[PDB]
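Here the structure comes first, spelled out in structure tokens, and everything after it is commentary.
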Amino acid sequence: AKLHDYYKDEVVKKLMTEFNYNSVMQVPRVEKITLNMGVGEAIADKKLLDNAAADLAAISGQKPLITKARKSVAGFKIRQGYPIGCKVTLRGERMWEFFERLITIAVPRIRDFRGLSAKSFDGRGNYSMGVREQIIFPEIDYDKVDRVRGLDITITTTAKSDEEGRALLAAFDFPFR
Amino acid sequence: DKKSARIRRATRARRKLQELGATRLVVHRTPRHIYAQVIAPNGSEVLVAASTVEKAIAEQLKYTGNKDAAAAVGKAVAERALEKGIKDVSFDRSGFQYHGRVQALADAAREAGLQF
Amino acid sequence: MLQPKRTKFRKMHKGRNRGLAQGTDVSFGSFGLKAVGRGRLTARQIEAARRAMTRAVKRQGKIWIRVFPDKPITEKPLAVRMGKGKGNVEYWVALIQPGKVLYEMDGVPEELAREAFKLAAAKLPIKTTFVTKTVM
Amino acid sequence: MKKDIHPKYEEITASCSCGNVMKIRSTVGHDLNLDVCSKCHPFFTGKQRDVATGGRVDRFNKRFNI
Amino acid sequence: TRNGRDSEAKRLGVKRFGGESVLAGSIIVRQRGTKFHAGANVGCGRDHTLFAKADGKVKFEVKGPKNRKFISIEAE
Amino acid sequence: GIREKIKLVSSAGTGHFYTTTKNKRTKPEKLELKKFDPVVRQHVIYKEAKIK
RNA sequence: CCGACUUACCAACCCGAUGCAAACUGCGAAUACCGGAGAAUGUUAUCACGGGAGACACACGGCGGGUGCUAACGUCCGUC
RNA sequence: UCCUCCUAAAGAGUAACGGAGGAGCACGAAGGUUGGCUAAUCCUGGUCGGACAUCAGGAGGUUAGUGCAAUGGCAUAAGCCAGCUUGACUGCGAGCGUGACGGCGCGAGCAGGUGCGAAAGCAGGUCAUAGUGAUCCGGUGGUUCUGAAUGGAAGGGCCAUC
RNA sequence: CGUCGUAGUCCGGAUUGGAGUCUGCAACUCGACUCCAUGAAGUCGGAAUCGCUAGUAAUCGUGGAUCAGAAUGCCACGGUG
RNA sequence: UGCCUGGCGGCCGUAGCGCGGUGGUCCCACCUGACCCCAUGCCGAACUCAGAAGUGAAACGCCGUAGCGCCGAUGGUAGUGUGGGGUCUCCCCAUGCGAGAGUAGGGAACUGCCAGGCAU
RNA sequence: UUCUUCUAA
RNA sequence: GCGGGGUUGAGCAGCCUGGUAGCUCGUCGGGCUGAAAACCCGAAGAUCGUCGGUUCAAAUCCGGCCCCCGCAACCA
Ligand SMILES: [Mg+2]
Ligand SMILES: [Mg+2]
Ligand SMILES: [Mg+2]
Ligand SMILES: [Mg+2]
Ligand SMILES: [Mg+2]
Ligand SMILES: [Mg+2]
Ligand SMILES: [Mg+2]
Ligand SMILES: [Mg+2]
Ligand SMILES: [Mg+2]
Ligand SMILES: [Mg+2]
Ligand SMILES: [Mg+2]
Ligand SMILES: [Mg+2]
Ligand SMILES: [Mg+2]
Ligand SMILES: [Mg+2]
Ligand SMILES: [Mg+2]
Ligand SMILES: [Mg+2]
Ligand SMILES: [Mg+2]
Ligand SMILES: [Mg+2]
Ligand SMILES: [Mg+2]
Ligand SMILES: [Mg+2]
Ligand SMILES: [Mg+2]
Ligand SMILES: [Mg+2]
Ligand SMILES: [Mg+2]
Ligand SMILES: [Mg+2]
Ligand SMILES: [Mg+2]
Ligand SMILES: [Mg+2]
Ligand SMILES: [Mg+2]
Ligand SMILES: [Mg+2]
Ligand SMILES: [Mg+2]
Ligand SMILES: [Mg+2]
Ligand SMILES: [Mg+2]
Ligand SMILES: [Mg+2]
Ligand SMILES: [Mg+2]
Ligand SMILES: [Mg+2]
Ligand SMILES: [Mg+2]
Ligand SMILES: [Mg+2]
Ligand SMILES: [Mg+2]
Ligand SMILES: [Zn+2]
């Protein structure tokens, strides 16, 4: 809750000035962070899912919700009901502490990190990014793992416009460009 | 949203008591207050009512939206109902969980003398 | 030859053809060929009368066809007895009531439209007439 | 949160080569030694240099004089 | 050919109309769905059959926000 | 018609039995239900036996 | 690799205008049918029970239709 | 043979070697109850990831869903999850529906015993309508009802069932 | 003597980028060489097939002719054997 | 009694959307916190509990507004019961019934019971 | 064990 | 009118209760031969007749069609 403490005193004072909001409730705020691993190759065996869910449980310290197919499609050879991915929703204090560890540790540990995109805000403020490799988090031991996974991070916020979420992450020095 | 989904969650048992002809006690729960009223089987008029918005009940309480306040409402609405001669009702939970402040009201109303 | 691409059903009852029509006013173009009689126009009769008016204007102007043959018509083959199922769909008609505008036309003078629709009406079984776009 | 299903989530210390001592809550357990943090990553100085297009005329004039 | 089949007519419809006094248990409407709905003193059967739970006159009426048709037995 | 039919013999000592069907391919384990026994006038566990 | 552009080429959705439907309906009659009340009228015309049957090859005409070719002194139903 | 729609003429019914489709099952949960939930599609953003998996937002508002044909239903959901369970109870049944009949159907309530629910209540299988076979003869279990002088027994009856 | 310790490796060196040297009026097509980086295929080769009887095969370097520059070819030479 | 709000109905779009405006003493909403009651096929999001620092941003309520949705005559037209007629695949006459669509227009609901707040 | 055929002057 | 069939270049399996394309010969590339055969090695290829539907998905299931092969078209 270090950044949550950092949110409540200086980010709110910053955004109220540069947007001239009438109320303090009118400010944006982050709401949840969703950690998906679409593991489409787990239809061969459960153990790839069972270890990828084990890896994402180490990144964010929650047991992941194993997601399933909403319907059946034949291009991917899946039926409605097959376990096909895993997610973690992060809210409250656990949202901020992962968000602290993300932009301070794991984003510098990206190989050939050169910035993010400012064109990834889904028209309505909600930001989504995808990492290539789970080794950028220091939770994963390099010798103990064998397979390079990938996950994607989705920050869902209360910003109405598209730029207001872009200004919100910039108050947390989110490395756009 | 939350207000609308609560009504859909409540509107099955309300229609079931509507055809049973049951004089029915309605609890309503807010984060600050809790409400109770006994409604006639035509559904258009009430018989007795009690709340933590009334001065005579809230001043005897610490906070209006805890279980002790919720037990004080269910005790008060039952003593007003038995004064008017209403004894057998049917508890309408009104889309809340039968739990906590809702349960503490109904346990108070059973104990104070209402029959459901 | 006009024909529906898909149909919900392959065959249809014979029905009746009583009542007045609905496509009465000249909607799109300026001059119109209005049906006065009653009957059915086949897909051959519609397409033959279109050719007879397209050549009379030397493809000048624009021709609408207000009707469309969507009713399937069955026939039994020769030397087949009256039982044993409904006959095979042979051709397509459009049921025409009195008052139906059959064709429309503009981009041509009035006298050219009279002589074009007269050449077209000689290919149609029903009695027709000439109409113009009425204000209101 | 539920009681048993979650992994152990304990506050540890992560230090870096620039000496940025930072205490975070984590699932590592043992202490952590980092390499680059967001304070010392060359995103704000180093990545600007790393484009390095270079001039073709400037390469030509450097190699001699007329 | 291929079209010789049909099923027996299940004889649905409304057996007692409005303003028509019935005994308790009398079938009012037989129907597939709930094309009609059960109002006061009217039960809905297993196959959505509407029967009278009491004695009295049949009252057809349209209530509710969806304008559904309810059948009730008035007292008599 | 793979769904064969069985009988549920009362365990109350009476020879009373309910009869029913089951898919013996997909449910190899025996069916046991607690049903009313009209001879003893109690609810007694019935067990699956062969229809014979 | 990105494409560049234009072209007597087609075109979803959407929008406006316009038709069609036995197995389309956000509409919807006349009649018919069911129930109630009330006169007038009718040789109880009504129902129940019992004795005896015959008949179950129909025809044409009107209307509403299927089928056929809106062919048949054709065929198959409803109704008179 | 059975189910659904049209023909069928706005109650029911209504024929043809008329127009179109299905059924001869499935389910010990896909039943009961309590609690909760709400689709299809498209748009944008996002590691592998692509027309199409999963994730996050938005439009949309049932164009989805229903074990299966069609039709009528379905948001209080009958659609979809989970908990506990066996009412897929036995004896009855006022009163109606439907048939020439055999028969078929709907049914509040009552007695017993039960499940779920705090309780009001709900449950006598499933959204409904297909998934079926009379009688005879014979088998099995139950039942002293019968038992050809008498006591048994055989056989028969009744109940369940094949 | 030390080192690697069975791996696509400290094996293998292709390919390619950058920087050069030299020859030559002139190295773009189209030279050789060097440096830094890069690190393909290849883990002993199907049917088939070649050479060789002693300083031979096998292997290891050396030189010359041609030639401004430009050989893994050719012609010679010895080592181990 | 007025105003405002909450609850439960009546009624079921003249009652719904949209657009603009506006409300926080109370009420309501978001909200604060969560070891517990309780909860997440992960997550105090929801559900629940303990509360009251903040705000009416959202939601909700209220006010305005004809972009819609909706309502909707009158007249005519279609159909049609009975009787009659013709040129009889379809129409006409007498009489009775009389649409739908469209037009004029309406239209930003109405109302009951109880409770609370502020006024009178 | 089987094991064929080859034009032009 | 009723049955059966339509699958690499050719001839035929697999078509089976829907997730999965085979053989032979031919063809290509080598090898052997003075050379061509035969032989030896290594190869590859199918929108499963068409057109609709069912499905998550059709060579497959269903319907319609086309082509071909059968059978029957009788009684006066
Ligand atoms: Mg007609
Ligand atoms: Mg119709
Ligand atoms: Mg007979
Ligand atoms: Mg007869
Ligand atoms: Mg006859
Ligand atoms: Mg007859
Ligand atoms: Mg006729
Ligand atoms: Mg006829
Ligand atoms: Mg005749
Ligand atoms: Mg005739
Ligand atoms: Mg007749
Ligand atoms: Mg009818
Ligand atoms: Mg009728
Ligand atoms: Mg079900
Ligand atoms: Mg429920
Ligand atoms: Mg169910
Ligand atoms: Mg069903
Ligand atoms: Mg016999
Ligand atoms: Mg004896
Ligand atoms: Mg005896
Ligand atoms: Mg004897
Ligand atoms: Mg060595
Ligand atoms: Mg090397
Ligand atoms: Mg390799
Ligand atoms: Mg090796
Ligand atoms: Mg020799
Ligand atoms: Mg040289
Ligand atoms: Mg607004
Ligand atoms: Mg909360
Ligand atoms: Mg506001
Ligand atoms: Mg009028
Ligand atoms: Mg009107
Ligand atoms: Mg309005
Ligand atoms: Mg408004
Ligand atoms: Mg020869
Ligand atoms: Mg050869
Ligand atoms: Mg296939
Ligand atoms: Zn650092």
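Going through the structure tokens in order, the chains are called A, B, and so on, while each chain numbers its residues from 1 and the ligands are numbered from 1 in the order shown.
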For residue 59 in chain E, work out the shell of residues within 6 Å, counting only C-alpha atoms (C1' of nucleotides) and skipping chain neighbours fewer than 4 positions away, then give it as a CSV table (one decimal) with N, CA, C and O atoms, in the first residue's frame.
```csv
chain,number,residue,atom,x,y,z
E,18,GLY,N,-65.1,-16.6,-20.1
E,18,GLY,CA,-65.3,-15.7,-19.0
E,18,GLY,C,-66.7,-15.6,-18.5
E,18,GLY,O,-67.7,-15.8,-19.2
E,71,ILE,N,-55.7,-15.5,-15.5
E,71,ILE,CA,-57.0,-16.1,-15.3
E,71,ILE,C,-57.2,-16.3,-13.9
E,71,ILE,O,-56.4,-16.9,-13.2
E,72,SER,N,-58.3,-15.7,-13.4
E,72,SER,CA,-58.6,-15.8,-12.0
E,72,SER,C,-60.1,-16.3,-11.8
E,72,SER,O,-60.9,-16.0,-12.7
E,73,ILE,N,-60.4,-16.9,-10.7
E,73,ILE,CA,-61.7,-17.3,-10.3
E,73,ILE,C,-62.2,-16.2,-9.3
E,73,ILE,O,-61.7,-16.2,-8.2
```
Near-ligand residues for ligand 28, threshold 9 Å, only C-alpha atoms (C1' of nucleotides) and all ligand atoms, as a PyMOL selection string: chain J and resi 18-21
Export of prior selection with C-alpha atoms (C1' of nucleotides) as a PDB file, in the first residue's frame:
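Listing of part_34.pdb after writing:
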```pdb
ATOM      1  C1'   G J  18     -32.189  10.306 -25.307  1.00  0.00           C
ATOM      2  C1'   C J  19     -30.352  15.528 -24.366  1.00  0.00           C
ATOM      3  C1'   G J  20     -29.581  19.583 -21.014  1.00  0.00           C
ATOM      4  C1'   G J  21     -29.849  21.148 -15.949  1.00  0.00           C
TER       5        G J  21
END
```
Compile the residues of chain H that lie within 12 Å of chain E, evaluated using only C-alpha atoms (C1' of nucleotides), and express the compilation as an NGL selection string. :H and (1-8 or 11-14 or 16-23 or 70-76 or 78 or 93-99 or 104-109 or 124-130)
For range 105-112 of chain C, find every residue with an atom within 12 Å (counting only C-alpha atoms (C1' of nucleotides)), except residues of its own chain fewer than 3 positions away, and show them as a PyMOL selection string. chain C and resi 26-34+50+53-66+101-102+115-119+130-133
Chain E residues near chain J within 9 Å, closest pair each, using only C-alpha atoms (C1' of nucleotides), as a Markdown table:
```
| residue | atom | partner | partner_atom | distance |
| --- | --- | --- | --- | --- |
| E:63 | CA | J:12 | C1' | 7.7 |
| E:64 | CA | J:12 | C1' | 6.3 |
| E:65 | CA | J:12 | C1' | 4.5 |
| E:66 | CA | J:12 | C1' | 7.3 |
| E:67 | CA | J:12 | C1' | 7.0 |
```
If we count only C-alpha atoms, which residues of chain A reach to within 7 Å of chain D? Please list them as a ChimeraX atom specification. /A:58,61-63,97,103-105,108-109,114,139
Got time to write the residues from that selection, C-alpha atoms, as a compact mmCIF listing (two decimals), in the first residue's frame?
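Saved as selection30.txt:
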```txt
# COMPACT_ATOMS: atom_id res chain seq x y z
CA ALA A 58 4.15 -17.23 -7.56
CA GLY A 61 0.45 -14.51 -4.41
CA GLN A 62 -3.05 -15.85 -5.07
CA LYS A 63 -4.32 -19.18 -6.26
CA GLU A 97 2.03 -4.27 -3.95
CA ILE A 103 6.98 -1.01 -12.41
CA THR A 104 10.02 -1.06 -10.14
CA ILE A 105 11.49 -4.56 -10.55
CA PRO A 108 13.41 -3.03 -15.69
CA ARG A 109 14.12 -6.78 -15.89
CA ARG A 114 12.67 0.38 -24.49
CA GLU A 139 9.63 -14.80 -8.06
```
Please return, as a VMD selection string, all residues of chain F lying within 8 Å of chain H when only C-alpha atoms (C1' of nucleotides) are considered. chain F and resid 1 15 to 17 22 31 33 to 38 41 to 43 51 to 52
Taking only C-alpha atoms (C1' of nucleotides) and all ligand atoms into account, which residues have an atom no farther than 12 Å from ligand 35? I'd like them as an MDAnalysis selection string. (chainID K and resid 4:7) or (chainID L and resid 36:37)
Contacts from chain J to chain B, 9 Å maximum, only C-alpha atoms (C1' of nucleotides): show me the residue list as a list in words.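 Residues of chain J within 9 Å of chain B, counting only C-alpha atoms (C1' of nucleotides): residues 7, 8, 9, 10, 27, 28, 37, 38, 47, 48, 49, 50, 51, 59, 112, 113, 114, 115 and 116 of chain J.
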Alpha helix (DSSP H) call set, DSSP backbone run, chain D, as a PyMOL selection string: chain D and resi 46-49+56-62
Step by step, measure atom-to-atom distances between ligand 37 and each residue using only C-alpha atoms (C1' of nucleotides) and all ligand atoms, keep those at most 9 Å, then write them as a PDB file with N, CA and C atoms (P, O5', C5', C4', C3', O3' and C1' of nucleotides), in the first residue's frame.
```pdb
ATOM      1  P     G L  18     -20.887 -40.268 -37.449  1.00  0.00           P
ATOM      2  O5'   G L  18     -19.408 -39.938 -36.964  1.00  0.00           O
ATOM      3  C5'   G L  18     -18.313 -40.089 -37.858  1.00  0.00           C
ATOM      4  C4'   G L  18     -17.536 -38.811 -38.009  1.00  0.00           C
ATOM      5  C3'   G L  18     -16.657 -38.438 -36.817  1.00  0.00           C
ATOM      6  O3'   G L  18     -15.487 -37.785 -37.299  1.00  0.00           O
ATOM      7  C1'   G L  18     -18.172 -36.699 -37.243  1.00  0.00           C
ATOM      8  P     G L  19     -14.193 -38.637 -37.717  1.00  0.00           P
ATOM      9  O5'   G L  19     -13.094 -37.525 -37.997  1.00  0.00           O
ATOM     10  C5'   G L  19     -11.883 -37.499 -37.256  1.00  0.00           C
ATOM     11  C4'   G L  19     -11.420 -36.085 -37.010  1.00  0.00           C
ATOM     12  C3'   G L  19     -10.237 -35.943 -36.065  1.00  0.00           C
ATOM     13  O3'   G L  19      -9.492 -34.787 -36.440  1.00  0.00           O
ATOM     14  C1'   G L  19     -12.101 -34.839 -35.147  1.00  0.00           C
ATOM     15  P     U L  20      -8.491 -34.847 -37.695  1.00  0.00           P
ATOM     16  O5'   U L  20      -8.064 -36.376 -37.762  1.00  0.00           O
ATOM     17  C5'   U L  20      -6.750 -36.784 -37.399  1.00  0.00           C
ATOM     18  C4'   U L  20      -6.234 -37.846 -38.335  1.00  0.00           C
ATOM     19  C3'   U L  20      -6.941 -37.897 -39.685  1.00  0.00           C
ATOM     20  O3'   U L  20      -6.018 -38.321 -40.683  1.00  0.00           O
ATOM     21  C1'   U L  20      -7.253 -39.949 -38.562  1.00  0.00           C
ATOM     22  P     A L  21      -5.485 -37.273 -41.774  1.00  0.00           P
ATOM     23  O5'   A L  21      -5.678 -38.039 -43.153  1.00  0.00           O
ATOM     24  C5'   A L  21      -6.792 -38.905 -43.344  1.00  0.00           C
ATOM     25  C4'   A L  21      -6.437 -40.105 -44.179  1.00  0.00           C
ATOM     26  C3'   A L  21      -4.988 -40.146 -44.646  1.00  0.00           C
ATOM     27  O3'   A L  21      -4.533 -41.494 -44.741  1.00  0.00           O
ATOM     28  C1'   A L  21      -6.426 -40.009 -46.518  1.00  0.00           C
ATOM     29  P     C L  48     -12.375 -32.738 -51.129  1.00  0.00           P
ATOM     30  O5'   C L  48     -13.207 -33.826 -51.928  1.00  0.00           O
ATOM     31  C5'   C L  48     -12.618 -34.521 -53.017  1.00  0.00           C
ATOM     32  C4'   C L  48     -12.957 -35.990 -53.002  1.00  0.00           C
ATOM     33  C3'   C L  48     -14.390 -36.333 -52.608  1.00  0.00           C
ATOM     34  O3'   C L  48     -14.880 -37.388 -53.424  1.00  0.00           O
ATOM     35  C1'   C L  48     -12.875 -37.480 -51.201  1.00  0.00           C
ATOM     36  P     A L  58     -17.603 -28.669 -41.451  1.00  0.00           P
ATOM     37  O5'   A L  58     -16.753 -29.761 -42.236  1.00  0.00           O
ATOM     38  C5'   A L  58     -16.413 -31.001 -41.626  1.00  0.00           C
ATOM     39  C4'   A L  58     -16.623 -32.167 -42.552  1.00  0.00           C
ATOM     40  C3'   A L  58     -17.110 -31.799 -43.946  1.00  0.00           C
ATOM     41  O3'   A L  58     -16.562 -32.714 -44.889  1.00  0.00           O
ATOM     42  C1'   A L  58     -18.690 -33.209 -42.902  1.00  0.00           C
ATOM     43  P     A L  59     -15.175 -32.381 -45.626  1.00  0.00           P
ATOM     44  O5'   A L  59     -14.924 -33.651 -46.545  1.00  0.00           O
ATOM     45  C5'   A L  59     -15.680 -33.835 -47.728  1.00  0.00           C
ATOM     46  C4'   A L  59     -15.792 -35.290 -48.091  1.00  0.00           C
ATOM     47  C3'   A L  59     -16.839 -36.089 -47.343  1.00  0.00           C
ATOM     48  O3'   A L  59     -18.134 -35.910 -47.882  1.00  0.00           O
ATOM     49  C1'   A L  59     -14.816 -37.324 -47.503  1.00  0.00           C
ATOM     50  P     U L  60     -19.377 -35.572 -46.926  1.00  0.00           P
ATOM     51  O5'   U L  60     -19.499 -36.843 -45.976  1.00  0.00           O
ATOM     52  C5'   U L  60     -19.891 -38.103 -46.500  1.00  0.00           C
ATOM     53  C4'   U L  60     -19.525 -39.236 -45.575  1.00  0.00           C
ATOM     54  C3'   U L  60     -20.404 -39.376 -44.337  1.00  0.00           C
ATOM     55  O3'   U L  60     -20.586 -40.756 -44.033  1.00  0.00           O
ATOM     56  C1'   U L  60     -18.154 -39.060 -43.683  1.00  0.00           C
TER      57        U L  60
END
```
Counting only C-alpha atoms (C1' of nucleotides), collect the residues of chain C whose closest atom lies at most 12 Å from chain L, and write them out as JSON, numbers by chain. {"C": [5, 6, 7, 10]}
Suppose we keep C-alpha atoms; can you now write the selection as a CSV table (one decimal), in the first residue's frame?
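After the write, selection-v7.csv holds the following:
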```csv
chain,number,residue,atom,x,y,z
C,5,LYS,CA,-32.2,-17.1,-54.7
C,6,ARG,CA,-33.3,-19.0,-51.6
C,7,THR,CA,-36.8,-20.0,-50.5
C,10,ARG,CA,-40.0,-25.3,-52.1
```
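We find CA of residue 41 in chain C and CA of residue 79 in chain C to be spaced 26.9 Å apart.
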Using only C-alpha atoms (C1' of nucleotides), which protein or nucleic acid residues come within 12 Å of residue 30 in chain L? Drop anything in the same chain fewer than 6 positions from it, and give the result as a PDB file with N, CA and C atoms (P, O5', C5', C4', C3', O3' and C1' of nucleotides), in the first residue's frame.
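Written out: out33.pdb:
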```pdb
ATOM      1  P     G I  46      25.362 -44.997 -45.582  1.00  0.00           P
ATOM      2  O5'   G I  46      24.111 -45.444 -46.454  1.00  0.00           O
ATOM      3  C5'   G I  46      22.865 -45.729 -45.840  1.00  0.00           C
ATOM      4  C4'   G I  46      21.763 -45.840 -46.860  1.00  0.00           C
ATOM      5  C3'   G I  46      22.114 -46.589 -48.132  1.00  0.00           C
ATOM      6  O3'   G I  46      21.981 -47.988 -47.974  1.00  0.00           O
ATOM      7  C1'   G I  46      20.976 -44.574 -48.659  1.00  0.00           C
ATOM      8  P     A I  47      23.171 -48.973 -48.394  1.00  0.00           P
ATOM      9  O5'   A I  47      22.904 -49.255 -49.933  1.00  0.00           O
ATOM     10  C5'   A I  47      21.722 -49.917 -50.352  1.00  0.00           C
ATOM     11  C4'   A I  47      21.330 -49.507 -51.743  1.00  0.00           C
ATOM     12  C3'   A I  47      22.384 -49.723 -52.811  1.00  0.00           C
ATOM     13  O3'   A I  47      22.435 -51.051 -53.282  1.00  0.00           O
ATOM     14  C1'   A I  47      21.516 -47.547 -53.008  1.00  0.00           C
ATOM     15  P     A I  48      23.840 -51.814 -53.355  1.00  0.00           P
ATOM     16  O5'   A I  48      24.825 -50.752 -54.004  1.00  0.00           O
ATOM     17  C5'   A I  48      24.917 -50.626 -55.413  1.00  0.00           C
ATOM     18  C4'   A I  48      25.413 -49.265 -55.823  1.00  0.00           C
ATOM     19  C3'   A I  48      26.904 -49.123 -56.038  1.00  0.00           C
ATOM     20  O3'   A I  48      27.344 -49.660 -57.267  1.00  0.00           O
ATOM     21  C1'   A I  48      26.136 -47.296 -54.784  1.00  0.00           C
TER      22        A I  48
ATOM     23  P     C L  40      13.958 -54.209 -56.778  1.00  0.00           P
ATOM     24  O5'   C L  40      15.195 -53.325 -56.319  1.00  0.00           O
ATOM     25  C5'   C L  40      16.294 -53.908 -55.640  1.00  0.00           C
ATOM     26  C4'   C L  40      17.317 -52.867 -55.278  1.00  0.00           C
ATOM     27  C3'   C L  40      16.786 -51.648 -54.555  1.00  0.00           C
ATOM     28  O3'   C L  40      16.576 -51.861 -53.174  1.00  0.00           O
ATOM     29  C1'   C L  40      18.215 -50.958 -56.292  1.00  0.00           C
ATOM     30  P     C L  41      15.370 -51.113 -52.429  1.00  0.00           P
ATOM     31  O5'   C L  41      15.926 -49.649 -52.170  1.00  0.00           O
ATOM     32  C5'   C L  41      17.120 -49.451 -51.434  1.00  0.00           C
ATOM     33  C4'   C L  41      17.620 -48.040 -51.578  1.00  0.00           C
ATOM     34  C3'   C L  41      16.639 -46.951 -51.212  1.00  0.00           C
ATOM     35  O3'   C L  41      16.519 -46.763 -49.819  1.00  0.00           O
ATOM     36  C1'   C L  41      17.738 -46.385 -53.219  1.00  0.00           C
ATOM     37  P     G L  42      15.106 -46.342 -49.193  1.00  0.00           P
ATOM     38  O5'   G L  42      14.947 -44.814 -49.593  1.00  0.00           O
ATOM     39  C5'   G L  42      15.848 -43.842 -49.094  1.00  0.00           C
ATOM     40  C4'   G L  42      15.694 -42.539 -49.825  1.00  0.00           C
ATOM     41  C3'   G L  42      14.308 -41.932 -49.792  1.00  0.00           C
ATOM     42  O3'   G L  42      14.068 -41.234 -48.588  1.00  0.00           O
ATOM     43  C1'   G L  42      15.158 -41.855 -51.993  1.00  0.00           C
ATOM     44  P     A L  43      12.570 -41.027 -48.062  1.00  0.00           P
ATOM     45  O5'   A L  43      12.048 -39.785 -48.901  1.00  0.00           O
ATOM     46  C5'   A L  43      10.944 -39.930 -49.772  1.00  0.00           C
ATOM     47  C4'   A L  43      10.973 -38.913 -50.877  1.00  0.00           C
ATOM     48  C3'   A L  43       9.617 -38.385 -51.298  1.00  0.00           C
ATOM     49  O3'   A L  43       9.145 -37.359 -50.448  1.00  0.00           O
ATOM     50  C1'   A L  43      10.809 -39.032 -53.210  1.00  0.00           C
TER      51        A L  43
END
```
For CA of residue 87 in chain C and atom 1 (Mg, counted along the ligand's line) of ligand 11, determine how far apart the two atoms are, in Å to one decimal place.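 Atom 1 (Mg, counted along the ligand's line) of ligand 11 lies 25.3 Å from CA of residue 87 in chain C.
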Ligand 5 neighbours within 12 Å using only C-alpha atoms (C1' of nucleotides) and all ligand atoms, as a ChimeraX atom specification: /G:56-59,75-77 /H:15-16
Need the shell around residue 48 in chain A: protein/DNA/RNA residues with any atom at most 12 Å away, counting only C-alpha atoms (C1' of nucleotides). Skip same-chain ones fewer than 2 positions apart. Format as a PyMOL selection string? chain A and resi 37-46+50-55+83-86+145-149
Please compute the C1' of residue 78 in chain G-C1' of residue 82 in chain J distance, one decimal, in Å.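 Value for the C1' of residue 78 in chain G-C1' of residue 82 in chain J distance: 20.0 Å.
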